[PDB]
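Peer 1: What follows is a structure written as structure tokens; I'll ask about it next.
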Amino acid sequence: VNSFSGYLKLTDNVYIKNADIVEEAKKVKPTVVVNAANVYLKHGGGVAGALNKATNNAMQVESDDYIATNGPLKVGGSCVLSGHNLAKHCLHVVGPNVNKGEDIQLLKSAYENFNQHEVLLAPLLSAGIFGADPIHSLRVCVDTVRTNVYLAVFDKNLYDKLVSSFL
Ligand SMILES: O=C1OCCN1CCNc1ncnc2[nH]c3cc(F)ccc3c12
Ligand SMILES: [Cl-]
């Protein structure tokens, strides 16, 4: 039993809810919140800009130190950093940006990072401002993630279509 409330069960391990991941993280304080990161951990907009704003820019400060030490992430890769006031940990995961022609096959590699964590709150990787089809992102998630994932979807319209087209 866990504290994730009001989710619609899609599969054995995947659950979905119309919610802003930021507000959902603030309420649940999950062990792991997933950020829809880019390789530079520049959290300007989308999930990343919104999470970072909710941390009062502390996520960005921590991220800049991470990049200065380690260099950029890989597309499809991830790193674990602090969850600040939102979660214990933040798993920064880089899905491909389709608007720049990055290989959508890397979306599966991106979701594989979730399997290193038993339970996660997460957005749809590569959806929204990253330019991929959110229906496809959900399909890859369900077919790749084996650990327990709670997907927060911001747009009510999008949430209802993702549910409706699933089975
Ligand atoms: O649902 C969706 O509609 C448009 C894209 N998208 C899926 C990807 N985005 C999100 N996913 C989940 N929570 C979010 N909170 C946010 C707060 C923001 F300021 C910006 C973006 C999000 C967001
Ligand atoms: Cl977005």
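Residue numbering restarts at 1 for every chain of the structure tokens, chains are lettered A, B, ... in their displayed order, and ligands are numbered from 1 as they appear.
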At a cut-off of 6 Å, using only C-alpha atoms, what residues contact residue 122 (chain A)? Leave out same-chain residues fewer than 3 positions from it and give the result as a ChimeraX atom specification.

Peer 2: /A:33-34,151

Peer 1: Using only N, CA and C atoms, please write the residues we just selected to a file, as a CSV table (one decimal), in the first residue's frame.

Peer 2:
chain,number,residue,atom,x,y,z
A,33,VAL,N,10.5,11.6,-7.5
A,33,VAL,CA,9.8,12.3,-8.6
A,33,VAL,C,10.7,12.4,-9.8
A,34,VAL,N,10.2,12.1,-11.0
A,34,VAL,CA,10.9,12.2,-12.2
A,34,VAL,C,10.8,13.5,-12.8
A,151,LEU,N,1.8,8.0,-13.1
A,151,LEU,CA,1.9,9.1,-14.1
A,151,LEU,C,0.9,10.2,-13.8

Peer 1: Let me see if you get this right: every residue at most 12 Å from ligand 2, counting only C-alpha atoms and all ligand atoms, written as a PyMOL selection string.

Peer 2: chain A and resi 20-22+35-37+43-51+97+123-134+152-155+158

Peer 1: Among the residues of region 9-162 of chain A, find those DSSP assigns to helix (DSSP H, G or I) from the backbone and print them as a PyMOL selection string.

Peer 2: chain A and resi 21-28+46-54+58-70+98-100+106-116+128-130+134-144+156-162

Peer 1: In chain A, what's strand (DSSP E or B) per DSSP? Answer as a compact mmCIF listing (two decimals) with N, CA, C and O atoms, in the first residue's frame?

Peer 2:
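Just written: out_32.txt:
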# COMPACT_ATOMS: atom_id res chain seq x y z
N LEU A 8 -6.04 6.07 -11.74
CA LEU A 8 -6.71 5.08 -12.56
C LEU A 8 -5.67 4.02 -12.95
O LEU A 8 -4.61 4.35 -13.50
N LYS A 9 -5.96 2.76 -12.63
CA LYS A 9 -5.05 1.66 -12.89
C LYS A 9 -5.09 1.29 -14.36
O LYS A 9 -6.16 0.94 -14.88
N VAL A 14 1.29 0.21 -13.77
CA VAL A 14 1.19 1.58 -14.27
C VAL A 14 -0.16 2.17 -13.92
O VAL A 14 -1.21 1.57 -14.21
N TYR A 15 -0.14 3.38 -13.36
CA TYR A 15 -1.29 4.11 -12.86
C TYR A 15 -1.22 5.54 -13.40
O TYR A 15 -0.13 6.07 -13.61
N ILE A 16 -2.38 6.16 -13.64
CA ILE A 16 -2.43 7.48 -14.29
C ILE A 16 -3.48 8.38 -13.65
O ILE A 16 -4.53 7.92 -13.18
N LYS A 17 -3.21 9.69 -13.63
CA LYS A 17 -4.08 10.66 -12.98
C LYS A 17 -3.93 12.01 -13.66
O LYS A 17 -2.82 12.39 -14.05
N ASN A 18 -5.04 12.74 -13.80
CA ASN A 18 -5.00 14.12 -14.29
C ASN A 18 -4.55 14.97 -13.12
O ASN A 18 -5.32 15.25 -12.20
N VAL A 32 10.63 9.21 -5.07
CA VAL A 32 11.23 9.62 -6.34
C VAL A 32 10.19 10.38 -7.16
O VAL A 32 9.12 9.84 -7.46
N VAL A 33 10.52 11.61 -7.54
CA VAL A 33 9.82 12.32 -8.60
C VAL A 33 10.73 12.37 -9.82
O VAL A 33 11.93 12.65 -9.70
N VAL A 34 10.17 12.09 -10.99
CA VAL A 34 10.91 12.16 -12.24
C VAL A 34 10.78 13.54 -12.85
O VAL A 34 9.66 14.06 -12.98
N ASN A 35 11.91 14.14 -13.22
CA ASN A 35 11.93 15.35 -14.01
C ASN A 35 12.15 15.01 -15.48
O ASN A 35 12.97 14.13 -15.81
N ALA A 36 11.41 15.70 -16.35
CA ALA A 36 11.61 15.62 -17.80
C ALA A 36 12.75 16.57 -18.17
O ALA A 36 12.54 17.71 -18.60
N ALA A 37 13.97 16.07 -18.00
CA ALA A 37 15.18 16.87 -18.09
C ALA A 37 15.69 16.95 -19.52
O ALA A 37 15.31 16.17 -20.40
N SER A 78 20.10 9.49 -17.33
CA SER A 78 19.51 10.05 -16.13
C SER A 78 20.57 10.28 -15.07
O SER A 78 21.69 9.76 -15.15
N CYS A 79 20.20 11.07 -14.07
CA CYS A 79 20.96 11.15 -12.84
C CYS A 79 19.98 11.34 -11.69
O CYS A 79 18.88 11.87 -11.87
N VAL A 80 20.41 10.91 -10.50
CA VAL A 80 19.65 11.09 -9.27
C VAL A 80 20.21 12.29 -8.52
O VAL A 80 21.41 12.32 -8.20
N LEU A 81 19.36 13.26 -8.24
CA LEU A 81 19.71 14.42 -7.44
C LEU A 81 18.68 14.57 -6.33
O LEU A 81 17.79 13.73 -6.16
N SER A 82 18.81 15.64 -5.55
CA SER A 82 17.86 15.86 -4.46
C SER A 82 16.45 16.13 -5.00
O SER A 82 16.27 16.74 -6.05
N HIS A 89 14.08 12.22 -3.60
CA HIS A 89 15.00 12.26 -4.71
C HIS A 89 14.27 12.75 -5.95
O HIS A 89 13.07 12.51 -6.12
N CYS A 90 15.02 13.38 -6.85
CA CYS A 90 14.56 13.65 -8.20
C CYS A 90 15.41 12.86 -9.18
O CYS A 90 16.64 13.00 -9.20
N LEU A 91 14.75 12.01 -9.96
CA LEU A 91 15.39 11.31 -11.06
C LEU A 91 15.22 12.17 -12.31
O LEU A 91 14.12 12.27 -12.86
N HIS A 92 16.31 12.81 -12.74
CA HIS A 92 16.31 13.63 -13.95
C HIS A 92 16.53 12.70 -15.13
O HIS A 92 17.60 12.10 -15.24
N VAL A 93 15.52 12.56 -15.99
CA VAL A 93 15.58 11.63 -17.12
C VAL A 93 15.45 12.43 -18.41
O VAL A 93 14.54 13.25 -18.54
N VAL A 94 16.35 12.17 -19.36
CA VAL A 94 16.35 12.88 -20.63
C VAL A 94 15.68 12.00 -21.68
O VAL A 94 16.28 11.04 -22.18
N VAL A 119 9.26 2.57 -6.87
CA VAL A 119 8.05 3.37 -7.01
C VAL A 119 8.45 4.78 -7.43
O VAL A 119 9.36 5.37 -6.85
N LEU A 120 7.73 5.34 -8.41
CA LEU A 120 8.04 6.68 -8.90
C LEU A 120 6.78 7.44 -9.26
O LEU A 120 5.80 6.86 -9.73
N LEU A 121 6.82 8.76 -9.03
CA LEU A 121 5.89 9.72 -9.62
C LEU A 121 6.56 10.29 -10.86
O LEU A 121 7.71 10.72 -10.79
N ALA A 122 5.85 10.31 -11.99
CA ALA A 122 6.52 10.66 -13.23
C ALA A 122 5.59 11.33 -14.23
O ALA A 122 4.37 11.08 -14.22
N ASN A 148 6.73 0.28 -10.15
CA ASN A 148 5.41 0.88 -9.95
C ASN A 148 5.48 2.36 -10.26
O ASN A 148 6.13 3.12 -9.54
N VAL A 149 4.80 2.78 -11.33
CA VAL A 149 4.89 4.15 -11.81
C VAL A 149 3.51 4.80 -11.79
O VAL A 149 2.52 4.23 -12.27
N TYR A 150 3.48 5.99 -11.19
CA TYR A 150 2.30 6.83 -11.05
C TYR A 150 2.51 8.02 -11.97
O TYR A 150 3.36 8.88 -11.71
N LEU A 151 1.75 8.04 -13.07
CA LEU A 151 1.90 9.06 -14.10
C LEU A 151 0.92 10.20 -13.85
O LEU A 151 -0.30 9.99 -13.85
N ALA A 152 1.46 11.40 -13.65
CA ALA A 152 0.67 12.62 -13.56
C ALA A 152 0.63 13.27 -14.94
O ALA A 152 1.68 13.51 -15.55
N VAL A 153 -0.59 13.56 -15.41
CA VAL A 153 -0.82 14.21 -16.69
C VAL A 153 -1.49 15.55 -16.43
O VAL A 153 -2.56 15.61 -15.81

Peer 1: Write out as a list in words each polymer residue whose atoms come within 7 Å of residue 76 (chain A), counting only C-alpha atoms; drop sequence neighbours fewer than 5 positions from it.

Peer 2: residues 94, 95, 96, 106, 107, 109 and 110 of chain A

Peer 1: With distances taken over only C-alpha atoms, which of A:5, A:31, A:159, A:75 is nearest to residue 100 (chain A)?

Peer 2: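 For residue 100 (chain A), the nearest of the given residues is A:75.
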
Peer 1: Between A:63, A:99, A:165, A:52, which is the closest to ligand 1 once you count only C-alpha atoms and all ligand atoms?

Peer 2: A:52

Peer 1: Given the choices A:87, A:54, A:3, A:70, which gets closest to ligand 1 if the distance is worked out from only C-alpha atoms and all ligand atoms?

Peer 2: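 Nearest to ligand 1: A:54.
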
Peer 1: So what do you get for atom 10 (C, counted along the ligand's line) of ligand 1 versus CA of residue 156 (chain A), distance-wise?

Peer 2: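 One can read the atom 10 (C, counted along the ligand's line) of ligand 1 to CA of residue 156 (chain A) distance as 10.9 Å.
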
Peer 1: Taking only C-alpha atoms into account, which of A:24, A:12, A:65, A:112 comes nearest residue 40 (chain A)?

Peer 2: A:65

Peer 1: Counting only C-alpha atoms and all ligand atoms, which of A:19, A:58, A:86, A:141 gets nearest to ligand 1?

Peer 2: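 Among A:19, A:58, A:86, A:141, it is A:19 that comes nearest to ligand 1.
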
Peer 1: From the list A:39, A:67, A:73, A:26, which residue is nearest residue 55 (chain A) when using only C-alpha atoms?

Peer 2: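 Smallest distance to residue 55 (chain A) is found for A:26.
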